[PDB]
Colleague: 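Structure in C-alpha coordinates, see below.
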Number of protein chains: 4
Amino acid sequence: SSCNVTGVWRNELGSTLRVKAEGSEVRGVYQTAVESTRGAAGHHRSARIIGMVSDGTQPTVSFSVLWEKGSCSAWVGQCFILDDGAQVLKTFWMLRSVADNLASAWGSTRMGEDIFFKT
Amino acid sequence: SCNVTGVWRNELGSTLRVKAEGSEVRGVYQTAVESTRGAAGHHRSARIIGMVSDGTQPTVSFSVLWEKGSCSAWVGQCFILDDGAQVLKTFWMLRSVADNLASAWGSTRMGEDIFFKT
Amino acid sequence: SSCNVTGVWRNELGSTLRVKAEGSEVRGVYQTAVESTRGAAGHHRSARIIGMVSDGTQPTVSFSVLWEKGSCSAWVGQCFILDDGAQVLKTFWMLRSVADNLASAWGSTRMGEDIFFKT
Amino acid sequence: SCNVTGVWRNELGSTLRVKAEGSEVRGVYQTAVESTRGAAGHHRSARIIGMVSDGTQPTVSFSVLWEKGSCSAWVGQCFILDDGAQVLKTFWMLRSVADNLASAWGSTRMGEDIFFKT
Ligand SMILES: O=C(O)CCCC[C@@H]1SC[C@@H]2NC(=O)N[C@@H]21
Ligand SMILES: O=C(O)CCCC[C@@H]1SC[C@@H]2NC(=O)N[C@@H]21
Ligand SMILES: O=C(O)CCCC[C@@H]1SC[C@@H]2NC(=O)N[C@@H]21
Ligand SMILES: O=C(O)CCCC[C@@H]1SC[C@@H]2NC(=O)N[C@@H]21
(Lines give C-alpha, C1' and ligand atoms only; values in the text may rest on other atoms or scores of the structure.)
(Ligands and ions follow the chains in the order given, each with its own letter.)
Protein backbone atom coordinates (compact mmCIF):
# COMPACT_ATOMS: atom_id res chain seq x y z
CA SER A 1 0.00 0.00 0.00
CA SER A 2 1.67 3.18 -1.27
CA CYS A 3 1.32 6.92 -0.80
CA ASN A 4 1.32 8.53 -4.23
CA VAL A 5 2.13 12.25 -4.51
CA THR A 6 0.61 12.52 -7.99
CA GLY A 7 -2.97 13.56 -7.66
CA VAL A 8 -5.28 16.34 -6.53
CA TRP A 9 -4.99 17.53 -2.96
CA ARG A 10 -6.92 19.82 -0.69
CA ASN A 11 -5.68 21.46 2.45
CA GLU A 12 -7.30 22.58 5.66
CA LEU A 13 -7.55 26.12 4.29
CA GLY A 14 -9.42 24.80 1.25
CA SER A 15 -6.50 25.41 -1.13
CA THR A 16 -6.04 22.95 -4.00
CA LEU A 17 -2.75 21.39 -5.05
CA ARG A 18 -2.63 19.60 -8.39
CA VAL A 19 0.50 17.64 -8.81
CA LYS A 20 2.21 15.30 -11.26
CA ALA A 21 5.31 13.25 -10.26
CA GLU A 22 7.77 12.46 -13.06
CA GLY A 23 11.17 10.91 -12.36
CA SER A 24 12.30 12.80 -9.24
CA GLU A 25 10.54 16.11 -10.04
CA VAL A 26 7.04 17.48 -9.49
CA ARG A 27 5.09 20.02 -11.47
CA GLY A 28 1.61 21.43 -11.32
CA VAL A 29 -0.61 24.21 -10.09
CA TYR A 30 -1.39 25.68 -6.67
CA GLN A 31 -4.65 27.50 -6.03
CA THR A 32 -4.68 29.21 -2.65
CA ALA A 33 -8.05 29.77 -0.95
CA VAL A 34 -6.47 32.69 0.95
CA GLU A 35 -3.88 35.47 0.52
CA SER A 36 -1.99 37.80 2.84
CA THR A 37 -3.07 40.97 1.06
CA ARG A 38 -5.54 41.57 -1.85
CA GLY A 39 -3.76 40.99 -5.16
CA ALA A 40 -0.89 38.83 -3.74
CA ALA A 41 -1.83 35.51 -5.34
CA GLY A 42 -3.15 36.96 -8.64
CA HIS A 43 -6.12 36.65 -10.94
CA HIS A 44 -7.49 33.26 -9.84
CA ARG A 45 -5.21 32.99 -6.77
CA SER A 46 -3.18 30.47 -8.77
CA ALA A 47 0.37 29.80 -9.84
CA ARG A 48 2.71 27.01 -11.03
CA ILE A 49 4.64 24.73 -8.66
CA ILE A 50 7.98 23.12 -9.20
CA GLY A 51 9.88 20.73 -6.91
CA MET A 52 11.25 17.26 -5.99
CA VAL A 53 9.76 13.95 -4.84
CA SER A 54 11.71 10.90 -3.54
CA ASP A 55 11.21 7.18 -4.31
CA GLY A 56 9.67 4.87 -1.71
CA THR A 57 6.35 3.79 -0.20
CA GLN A 58 6.09 7.05 1.85
CA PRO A 59 7.90 9.64 -0.28
CA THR A 60 9.20 13.07 0.74
CA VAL A 61 8.39 16.18 -1.30
CA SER A 62 9.64 19.68 -1.56
CA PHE A 63 8.17 22.31 -3.90
CA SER A 64 8.15 26.06 -4.59
CA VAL A 65 5.62 28.62 -5.68
CA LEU A 66 6.25 32.17 -6.94
CA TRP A 67 3.15 34.33 -6.57
CA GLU A 68 2.22 36.83 -9.28
CA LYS A 69 3.07 39.83 -7.03
CA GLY A 70 6.60 38.70 -6.08
CA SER A 71 6.11 36.92 -2.76
CA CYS A 72 7.03 33.21 -2.72
CA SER A 73 6.33 30.00 -0.85
CA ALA A 74 8.07 26.67 -0.22
CA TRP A 75 6.79 23.40 1.30
CA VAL A 76 8.67 20.38 2.56
CA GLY A 77 6.67 17.27 3.42
CA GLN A 78 6.20 13.50 3.47
CA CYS A 79 3.30 11.45 1.94
CA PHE A 80 1.95 9.07 4.60
CA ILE A 81 -0.60 6.28 4.08
CA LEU A 82 -2.83 6.09 7.13
CA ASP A 83 -4.30 3.06 8.90
CA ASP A 84 -7.77 3.96 7.50
CA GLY A 85 -6.12 4.03 4.01
CA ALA A 86 -6.38 7.80 3.46
CA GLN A 87 -3.43 9.30 1.63
CA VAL A 88 -2.00 12.27 3.44
CA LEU A 89 0.64 14.89 2.76
CA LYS A 90 2.10 16.44 5.97
CA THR A 91 3.87 19.70 5.15
CA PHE A 92 5.37 22.79 6.68
CA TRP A 93 5.58 25.93 4.65
CA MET A 94 7.38 29.29 4.59
CA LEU A 95 5.85 32.37 2.85
CA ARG A 96 8.42 35.04 1.97
CA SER A 97 6.96 38.56 1.47
CA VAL A 98 8.81 41.15 -0.61
CA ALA A 99 10.77 43.64 1.54
CA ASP A 100 12.18 47.10 0.47
CA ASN A 101 15.71 46.40 1.72
CA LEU A 102 17.67 44.16 4.07
CA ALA A 103 17.00 46.21 7.21
CA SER A 104 13.20 45.97 6.89
CA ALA A 105 13.18 42.21 6.09
CA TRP A 106 13.32 40.82 9.68
CA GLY A 107 9.53 40.36 9.52
CA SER A 108 9.17 39.11 5.95
CA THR A 109 9.09 35.36 6.77
CA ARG A 110 5.96 33.52 7.93
CA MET A 111 5.45 29.83 8.55
CA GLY A 112 2.85 27.17 9.18
CA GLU A 113 1.67 23.61 8.68
CA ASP A 114 -0.51 22.51 5.78
CA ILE A 115 -2.08 19.03 5.84
CA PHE A 116 -3.26 17.88 2.41
CA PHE A 117 -5.83 15.04 1.82
CA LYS A 118 -6.59 13.43 -1.52
CA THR A 119 -9.85 14.37 -3.27
CA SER B 1 20.46 45.15 -9.15
CA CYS B 2 20.97 41.89 -7.16
CA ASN B 3 21.05 38.81 -9.39
CA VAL B 4 20.57 35.22 -8.32
CA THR B 5 22.69 33.54 -11.00
CA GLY B 6 26.25 32.82 -9.88
CA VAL B 7 28.29 30.99 -7.25
CA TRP B 8 27.48 31.60 -3.58
CA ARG B 9 28.77 30.56 -0.20
CA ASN B 10 27.09 30.53 3.25
CA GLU B 11 28.03 31.03 6.90
CA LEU B 12 28.43 27.24 7.15
CA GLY B 13 30.84 26.95 4.24
CA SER B 14 28.22 25.45 1.90
CA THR B 15 28.15 26.29 -1.79
CA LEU B 16 25.32 27.03 -4.18
CA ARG B 17 25.73 27.20 -7.97
CA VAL B 18 22.61 28.85 -9.35
CA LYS B 19 21.41 29.59 -12.88
CA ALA B 20 18.20 31.36 -13.82
CA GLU B 21 16.41 30.92 -17.11
CA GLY B 22 13.53 33.34 -16.58
CA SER B 23 11.34 32.38 -13.58
CA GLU B 24 13.11 29.06 -13.03
CA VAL B 25 16.21 28.34 -11.08
CA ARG B 26 18.47 25.30 -11.57
CA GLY B 27 21.82 24.38 -10.17
CA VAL B 28 23.79 22.43 -7.65
CA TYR B 29 24.15 22.58 -3.87
CA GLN B 30 27.05 21.31 -1.84
CA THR B 31 26.50 21.22 1.89
CA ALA B 32 29.37 21.39 4.35
CA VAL B 33 27.24 19.83 7.05
CA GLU B 34 24.93 16.86 7.52
CA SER B 35 22.30 15.92 10.10
CA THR B 36 23.34 12.26 9.94
CA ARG B 37 26.68 11.14 8.43
CA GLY B 38 26.25 10.51 4.69
CA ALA B 39 22.67 11.85 4.72
CA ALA B 40 23.69 13.99 1.70
CA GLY B 41 25.72 11.11 0.24
CA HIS B 42 29.50 10.97 -0.38
CA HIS B 43 29.86 14.22 -2.42
CA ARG B 44 27.17 15.91 -0.27
CA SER B 45 25.91 17.39 -3.57
CA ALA B 46 22.51 17.60 -5.07
CA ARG B 47 20.56 19.44 -7.67
CA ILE B 48 18.44 22.49 -6.99
CA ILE B 49 15.08 23.48 -8.49
CA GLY B 50 13.09 26.64 -7.81
CA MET B 51 11.72 30.07 -8.75
CA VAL B 52 13.13 33.61 -8.89
CA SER B 53 11.08 36.82 -9.30
CA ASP B 54 11.92 39.72 -11.57
CA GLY B 55 12.82 43.18 -10.22
CA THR B 56 16.15 44.35 -8.94
CA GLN B 57 15.98 42.69 -5.46
CA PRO B 58 14.23 39.43 -6.40
CA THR B 59 12.74 36.77 -4.14
CA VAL B 60 13.74 33.18 -4.47
CA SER B 61 12.46 29.75 -3.47
CA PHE B 62 14.23 26.51 -4.14
CA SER B 63 14.29 22.81 -3.15
CA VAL B 64 16.90 20.15 -2.85
CA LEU B 65 16.22 16.44 -2.65
CA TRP B 66 19.10 14.82 -0.76
CA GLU B 67 20.53 11.44 -1.69
CA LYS B 68 18.92 9.43 1.15
CA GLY B 69 15.49 11.04 0.95
CA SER B 70 15.58 14.09 3.22
CA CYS B 71 14.74 17.37 1.53
CA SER B 72 15.41 21.03 2.21
CA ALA B 73 13.71 24.21 0.95
CA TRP B 74 14.83 27.84 1.00
CA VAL B 75 12.96 31.05 0.67
CA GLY B 76 14.64 34.43 0.69
CA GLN B 77 15.42 37.68 -1.12
CA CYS B 78 18.42 39.02 -3.09
CA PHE B 79 19.74 42.21 -1.48
CA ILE B 80 22.33 44.79 -2.56
CA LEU B 81 24.06 46.06 0.62
CA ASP B 82 25.44 49.62 1.03
CA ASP B 83 28.96 48.37 0.30
CA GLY B 84 28.13 46.80 -3.13
CA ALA B 85 27.84 43.18 -1.84
CA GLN B 86 25.06 40.90 -3.18
CA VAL B 87 23.40 38.91 -0.42
CA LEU B 88 20.85 36.10 -0.42
CA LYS B 89 18.90 36.22 2.90
CA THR B 90 17.07 32.97 3.32
CA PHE B 91 15.28 30.79 5.75
CA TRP B 92 15.24 27.04 5.27
CA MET B 93 13.49 23.88 6.38
CA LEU B 94 15.13 20.45 6.43
CA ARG B 95 12.56 17.65 6.41
CA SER B 96 14.01 14.30 7.62
CA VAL B 97 12.33 11.01 6.64
CA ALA B 98 10.16 9.42 9.28
CA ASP B 99 8.73 5.81 9.40
CA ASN B 100 5.08 6.79 9.96
CA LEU B 101 2.76 9.80 10.63
CA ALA B 102 3.24 9.41 14.40
CA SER B 103 7.02 9.81 14.33
CA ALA B 104 6.77 12.77 11.98
CA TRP B 105 6.40 15.46 14.75
CA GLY B 106 10.13 15.86 15.16
CA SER B 107 10.94 15.75 11.44
CA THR B 108 11.29 19.42 10.58
CA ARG B 109 14.25 21.61 11.46
CA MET B 110 14.81 25.23 10.46
CA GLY B 111 17.31 28.00 10.27
CA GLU B 112 18.65 31.08 8.55
CA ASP B 113 21.23 30.95 5.71
CA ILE B 114 23.10 33.99 4.48
CA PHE B 115 24.63 33.40 1.07
CA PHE B 116 27.45 35.69 -0.17
CA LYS B 117 28.87 35.69 -3.70
CA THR B 118 32.23 34.03 -4.53
CA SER C 1 -18.43 34.11 24.64
CA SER C 2 -14.66 33.91 25.20
CA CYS C 3 -11.84 31.39 25.16
CA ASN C 4 -10.49 30.42 28.53
CA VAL C 5 -6.85 29.46 28.85
CA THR C 6 -7.14 27.99 32.37
CA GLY C 7 -7.63 24.18 32.51
CA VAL C 8 -6.36 20.91 31.00
CA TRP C 9 -5.76 20.71 27.25
CA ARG C 10 -4.83 17.86 25.01
CA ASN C 11 -3.14 18.11 21.59
CA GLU C 12 -2.85 15.89 18.47
CA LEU C 13 0.12 13.84 19.82
CA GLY C 14 -1.74 13.12 23.13
CA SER C 15 0.36 15.53 25.14
CA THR C 16 -1.53 17.21 28.04
CA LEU C 17 -1.05 20.86 29.03
CA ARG C 18 -2.29 22.15 32.43
CA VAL C 19 -2.57 25.94 32.59
CA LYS C 20 -3.08 28.16 35.65
CA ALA C 21 -3.16 31.94 35.06
CA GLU C 22 -1.68 34.15 37.71
CA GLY C 23 -2.17 37.64 36.37
CA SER C 24 -0.40 38.08 33.07
CA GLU C 25 1.66 34.97 33.73
CA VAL C 26 0.81 31.37 33.10
CA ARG C 27 2.20 28.55 35.20
CA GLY C 28 1.42 24.82 35.12
CA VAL C 29 2.49 21.36 33.91
CA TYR C 30 3.33 19.88 30.47
CA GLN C 31 3.24 16.14 29.92
CA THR C 32 4.60 15.25 26.50
CA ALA C 33 3.52 12.01 24.85
CA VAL C 34 6.66 11.93 22.73
CA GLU C 35 10.39 12.69 23.07
CA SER C 36 13.42 12.91 20.72
CA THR C 37 15.71 10.43 22.36
CA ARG C 38 14.64 8.19 25.28
CA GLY C 39 14.60 10.17 28.54
CA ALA C 40 14.92 13.62 26.92
CA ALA C 41 11.73 14.69 28.69
CA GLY C 42 12.84 13.07 32.00
CA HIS C 43 11.38 10.36 34.23
CA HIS C 44 7.74 11.24 33.68
CA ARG C 45 8.03 13.13 30.37
CA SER C 46 6.98 16.14 32.41
CA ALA C 47 8.06 19.60 33.24
CA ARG C 48 6.76 22.95 34.34
CA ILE C 49 5.47 25.83 32.21
CA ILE C 50 6.19 29.55 32.31
CA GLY C 51 4.84 32.36 30.12
CA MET C 52 2.28 35.06 29.38
CA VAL C 53 -1.42 35.41 28.49
CA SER C 54 -3.03 38.57 27.09
CA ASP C 55 -6.34 40.19 28.04
CA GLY C 56 -8.76 39.37 25.19
CA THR C 57 -11.92 37.45 24.63
CA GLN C 58 -9.61 35.33 22.49
CA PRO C 59 -6.27 35.61 24.24
CA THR C 60 -2.82 35.07 22.86
CA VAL C 61 -0.36 32.99 24.83
CA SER C 62 3.38 32.40 25.01
CA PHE C 63 5.04 29.70 27.13
CA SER C 64 8.33 27.90 27.70
CA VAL C 65 9.51 24.60 29.03
CA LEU C 66 12.98 23.47 30.11
CA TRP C 67 13.25 19.69 29.82
CA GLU C 68 15.32 17.50 32.23
CA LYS C 69 18.24 16.92 29.82
CA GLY C 70 18.49 20.60 28.81
CA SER C 71 16.68 20.89 25.51
CA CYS C 72 14.00 23.62 25.70
CA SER C 73 10.71 24.32 23.97
CA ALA C 74 8.54 27.38 23.42
CA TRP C 75 4.98 27.79 22.05
CA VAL C 76 3.16 30.87 20.81
CA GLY C 77 -0.57 30.89 20.17
CA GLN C 78 -4.13 32.12 20.35
CA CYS C 79 -7.27 30.71 22.15
CA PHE C 80 -10.20 30.74 19.71
CA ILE C 81 -13.87 30.05 20.50
CA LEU C 82 -15.53 28.31 17.58
CA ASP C 83 -19.09 28.47 16.21
CA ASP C 84 -19.89 25.10 17.75
CA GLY C 85 -18.95 26.33 21.25
CA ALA C 86 -15.53 24.56 21.32
CA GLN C 87 -12.38 26.27 22.59
CA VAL C 88 -9.31 25.51 20.46
CA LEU C 89 -5.79 26.54 21.49
CA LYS C 90 -3.82 27.06 18.22
CA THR C 91 -0.01 27.11 18.71
CA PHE C 92 3.34 26.80 16.96
CA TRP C 93 6.35 25.51 18.72
CA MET C 94 10.17 25.39 18.62
CA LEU C 95 12.34 22.67 20.10
CA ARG C 96 15.91 23.56 20.86
CA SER C 97 18.35 20.67 21.26
CA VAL C 98 21.52 21.24 23.24
CA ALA C 99 24.60 21.53 21.03
CA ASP C 100 28.31 21.33 21.97
CA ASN C 101 29.15 24.68 20.35
CA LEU C 102 28.07 27.41 17.91
CA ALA C 103 29.21 25.69 14.68
CA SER C 104 27.43 22.39 15.37
CA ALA C 105 24.22 24.28 16.40
CA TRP C 106 22.91 24.89 12.80
CA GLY C 107 20.64 21.91 13.11
CA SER C 108 19.61 22.42 16.72
CA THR C 109 16.12 23.89 16.16
CA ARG C 110 12.98 22.06 15.13
CA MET C 111 9.47 23.36 14.73
CA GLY C 112 5.83 22.25 14.49
CA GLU C 113 2.13 23.07 15.02
CA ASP C 114 0.17 21.94 18.09
CA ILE C 115 -3.61 22.18 18.20
CA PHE C 116 -4.88 21.75 21.79
CA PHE C 117 -8.51 20.89 22.65
CA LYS C 118 -10.03 21.10 26.12
CA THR C 119 -10.63 17.83 28.03
CA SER D 1 30.94 29.50 31.37
CA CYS D 2 28.37 31.53 29.44
CA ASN D 3 26.20 33.75 31.72
CA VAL D 4 22.68 34.68 30.62
CA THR D 5 22.18 37.39 33.26
CA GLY D 6 23.13 40.75 31.76
CA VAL D 7 22.41 43.36 29.14
CA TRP D 8 22.32 42.05 25.55
CA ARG D 9 21.99 43.51 22.09
CA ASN D 10 21.09 41.87 18.78
CA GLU D 11 21.61 42.44 15.06
CA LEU D 12 18.55 44.68 14.85
CA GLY D 13 19.69 46.95 17.74
CA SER D 14 17.18 45.55 20.22
CA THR D 15 18.12 45.45 23.88
CA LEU D 16 17.51 42.61 26.26
CA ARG D 17 17.99 43.06 30.03
CA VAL D 18 17.69 39.79 31.85
CA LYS D 19 18.53 38.42 35.30
CA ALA D 20 18.52 34.71 36.29
CA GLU D 21 17.10 33.12 39.47
CA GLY D 22 17.35 29.39 39.91
CA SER D 23 16.20 28.19 36.51
CA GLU D 24 13.94 31.23 35.92
CA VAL D 25 14.77 34.29 33.80
CA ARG D 26 13.08 37.74 34.07
CA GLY D 27 13.74 41.24 32.78
CA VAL D 28 12.89 43.69 30.02
CA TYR D 29 13.12 43.55 26.23
CA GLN D 30 13.35 46.69 24.18
CA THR D 31 12.74 45.95 20.52
CA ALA D 32 14.31 48.23 17.89
CA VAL D 33 11.42 47.27 15.57
CA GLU D 34 7.76 46.45 15.27
CA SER D 35 5.24 45.04 12.72
CA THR D 36 2.95 48.07 12.92
CA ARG D 37 3.29 51.55 14.41
CA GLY D 38 2.83 51.08 18.16
CA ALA D 39 2.51 47.24 18.32
CA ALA D 40 5.20 47.22 21.05
CA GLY D 41 3.62 50.20 22.84
CA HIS D 42 4.74 53.86 22.81
CA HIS D 43 8.14 52.88 24.45
CA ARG D 44 8.63 49.50 22.64
CA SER D 45 9.47 47.72 25.90
CA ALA D 46 7.95 44.70 27.60
CA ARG D 47 8.80 42.27 30.34
CA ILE D 48 10.32 38.89 29.64
CA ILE D 49 9.64 35.59 31.39
CA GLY D 50 11.30 32.23 30.76
CA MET D 51 13.86 29.56 31.67
CA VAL D 52 17.56 28.90 31.60
CA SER D 53 19.40 25.62 32.13
CA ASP D 54 22.45 24.83 34.25
CA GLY D 55 25.77 23.93 32.63
CA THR D 56 28.62 25.83 31.09
CA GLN D 57 26.72 26.73 27.90
CA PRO D 58 23.15 26.87 29.05
CA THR D 59 20.00 26.84 26.95
CA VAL D 60 17.29 29.54 27.34
CA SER D 61 13.61 29.89 26.57
CA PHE D 62 11.77 33.18 27.07
CA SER D 63 8.46 34.89 26.18
CA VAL D 64 7.27 38.43 25.86
CA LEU D 65 3.70 39.75 25.68
CA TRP D 66 3.51 42.96 23.67
CA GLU D 67 1.25 45.94 24.42
CA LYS D 68 -1.31 45.40 21.61
CA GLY D 69 -1.75 41.63 22.07
CA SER D 70 0.95 40.03 19.94
CA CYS D 71 3.59 37.83 21.59
CA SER D 72 7.07 36.53 20.89
CA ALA D 73 9.11 33.51 22.10
CA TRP D 74 12.78 32.77 21.78
CA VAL D 75 14.66 29.54 22.24
CA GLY D 76 18.43 29.44 22.28
CA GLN D 77 21.83 28.80 23.73
CA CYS D 78 24.63 30.83 25.35
CA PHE D 79 27.79 29.78 23.54
CA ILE D 80 31.20 31.01 24.81
CA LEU D 81 33.72 31.40 21.95
CA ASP D 82 37.55 31.13 21.73
CA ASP D 83 38.20 34.85 22.08
CA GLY D 84 36.25 34.72 25.39
CA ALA D 85 33.18 36.31 23.81
CA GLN D 86 29.74 35.31 25.12
CA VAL D 87 26.98 34.91 22.50
CA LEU D 88 23.26 34.20 22.78
CA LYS D 89 22.05 32.28 19.71
CA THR D 90 18.31 32.16 19.12
CA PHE D 91 15.35 31.62 16.87
CA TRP D 92 12.03 33.32 17.51
CA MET D 93 8.39 33.29 16.68
CA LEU D 94 6.06 36.27 16.64
CA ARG D 95 2.32 35.57 16.80
CA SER D 96 -0.02 38.46 15.73
CA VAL D 97 -3.60 38.87 17.01
CA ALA D 98 -6.17 37.30 14.65
CA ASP D 99 -9.94 37.84 14.73
CA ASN D 100 -10.74 34.10 14.38
CA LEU D 101 -9.40 30.64 13.60
CA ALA D 102 -9.70 30.83 9.82
CA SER D 103 -7.98 34.17 9.45
CA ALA D 104 -5.07 33.16 11.78
CA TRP D 105 -3.32 31.07 9.06
CA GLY D 106 -0.75 33.77 8.39
CA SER D 107 -0.31 35.02 11.93
CA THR D 108 3.03 33.39 12.78
CA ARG D 109 6.50 34.70 11.75
CA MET D 110 9.96 33.57 12.65
CA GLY D 111 13.59 34.57 12.50
CA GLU D 112 17.07 34.31 13.96
CA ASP D 113 18.40 36.65 16.64
CA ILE D 114 22.06 36.67 17.64
CA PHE D 115 22.75 38.60 20.88
CA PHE D 116 26.12 40.02 22.03
CA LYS D 117 27.05 41.47 25.40
CA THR D 118 27.68 45.04 26.60
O1 LIG E 1 -0.05 36.06 0.49
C2 LIG E 1 0.79 35.86 -0.43
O3 LIG E 1 1.85 36.49 -0.47
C4 LIG E 1 0.53 34.90 -1.57
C5 LIG E 1 -0.46 33.82 -1.16
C6 LIG E 1 0.08 32.99 0.01
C7 LIG E 1 -0.61 31.62 0.16
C8 LIG E 1 -0.10 30.86 1.38
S9 LIG E 1 1.13 29.66 0.90
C10 LIG E 1 1.04 28.90 2.49
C11 LIG E 1 -0.43 28.92 2.90
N12 LIG E 1 -1.07 27.71 2.46
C13 LIG E 1 -1.97 27.94 1.54
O14 LIG E 1 -2.61 27.07 0.96
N15 LIG E 1 -2.04 29.24 1.33
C16 LIG E 1 -1.15 30.03 2.14
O1 LIG F 1 20.84 16.46 6.77
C2 LIG F 1 20.27 16.05 5.73
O3 LIG F 1 19.21 15.35 5.72
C4 LIG F 1 20.92 16.44 4.43
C5 LIG F 1 21.88 17.63 4.60
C6 LIG F 1 21.14 18.93 4.93
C7 LIG F 1 22.05 20.17 4.83
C8 LIG F 1 21.31 21.35 5.47
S9 LIG F 1 20.23 22.13 4.32
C10 LIG F 1 19.93 23.40 5.47
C11 LIG F 1 21.31 23.72 6.00
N12 LIG F 1 22.01 24.66 5.15
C13 LIG F 1 23.13 24.14 4.67
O14 LIG F 1 23.90 24.70 3.93
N15 LIG F 1 23.27 22.87 5.09
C16 LIG F 1 22.19 22.47 5.98
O1 LIG G 1 12.67 15.90 22.78
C2 LIG G 1 13.08 16.65 23.69
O3 LIG G 1 14.20 17.21 23.64
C4 LIG G 1 12.16 16.88 24.88
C5 LIG G 1 10.68 16.61 24.55
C6 LIG G 1 10.09 17.57 23.48
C7 LIG G 1 8.65 17.23 23.15
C8 LIG G 1 8.12 18.15 22.05
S9 LIG G 1 7.82 19.82 22.61
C10 LIG G 1 6.89 20.16 21.14
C11 LIG G 1 6.16 18.90 20.75
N12 LIG G 1 4.81 18.93 21.23
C13 LIG G 1 4.61 18.06 22.21
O14 LIG G 1 3.53 17.91 22.76
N15 LIG G 1 5.75 17.37 22.43
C16 LIG G 1 6.79 17.71 21.48
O1 LIG H 1 5.35 43.51 16.02
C2 LIG H 1 4.88 43.21 17.15
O3 LIG H 1 3.72 42.76 17.28
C4 LIG H 1 5.70 43.41 18.44
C5 LIG H 1 7.20 43.68 18.29
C6 LIG H 1 7.97 42.52 17.69
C7 LIG H 1 9.50 42.65 17.87
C8 LIG H 1 10.19 41.45 17.19
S9 LIG H 1 10.35 40.10 18.33
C10 LIG H 1 11.38 39.25 17.18
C11 LIG H 1 12.30 40.32 16.59
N12 LIG H 1 13.47 40.51 17.43
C13 LIG H 1 13.54 41.72 17.94
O14 LIG H 1 14.44 42.12 18.66
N15 LIG H 1 12.50 42.43 17.53
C16 LIG H 1 11.61 41.67 16.65
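Hydrogens, waters and symmetry mates are skipped; everything else that's a heavy atom, side chains included, is used. By convention in this document, chain letters (A, B, ...) are assigned in the order of the sequence lines, proteins followed by strands, and residues within each chain are numbered from 1. Ligands are counted one by one from 1 in listed order, and the atoms in each one are counted from 1 as well.
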Colleague: With side chains defined as the heavy atoms from C-beta onward, is the minimum distance between A:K90 and A:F80 less than 4.5 Å?
Modeller: yes

Colleague: Going by the order shown, which atoms of ligand 1 are within less than 4.0 Å of some heavy atom of A:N11?
Modeller: 13 (C), 14 (O)

Colleague: Looking at A:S71, which atoms of ligand 1 are within less than 4.0 Å of one of its heavy atoms?
Modeller: 2 (C), 3 (O), 4 (C)

Colleague: Would you mind listing which atoms of ligand 1 come within a distance below 4.0 Å of any non-hydrogen atom of A:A40?
Modeller: 1 (O), 2 (C), 3 (O), 4 (C)

Colleague: Record the part of B:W74 in heavy-atom contact with ligand 2 below 4.0 Å; permitted values are side chain, backbone, both and neither.
Modeller: side chain

Colleague: Within ligand 1, which atoms have a heavy atom of A:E35 less than 4.0 Å away?
Modeller: 1 (O)

Colleague: Report yes if A:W106 has an N/O atom closer than 3.5 Å to an N/O atom of ligand 4; otherwise report no.
Modeller: no

Colleague: Do any nitrogen or oxygen atoms of B:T36 come within less than 3.5 Å of a nitrogen or oxygen of ligand 2?
Modeller: no

Colleague: Contact between A:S73 and ligand 1, counting heavy atoms under 4.0 Å?
Modeller: yes

Colleague: Quick one: look at B:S35 and ligand 2, take heavy-atom pairs under 4.0 Å, and tell me if it's side chain, backbone, both or neither.
Modeller: both

Colleague: On a heavy-atom basis, I'd like to know which of A:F116, A:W93, A:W67 is closest to atom 10 (C) of ligand 1.
Modeller: A:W93

Colleague: I need the nearest protein heavy-atom contact for atom 14 (O) of ligand 4: residue, atom name and distance, please.
Modeller: D:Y29 OH, 2.5 Å

Colleague: Tell me the nearest of D:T31, D:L94, D:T15 to atom 7 (C) of ligand 4, using heavy-atom distances.
Modeller: D:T31

Colleague: What part of A:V65 sits under 4.0 Å from ligand 1 if we count only heavy atoms: the side chain, the backbone, both or neither?
Modeller: neither

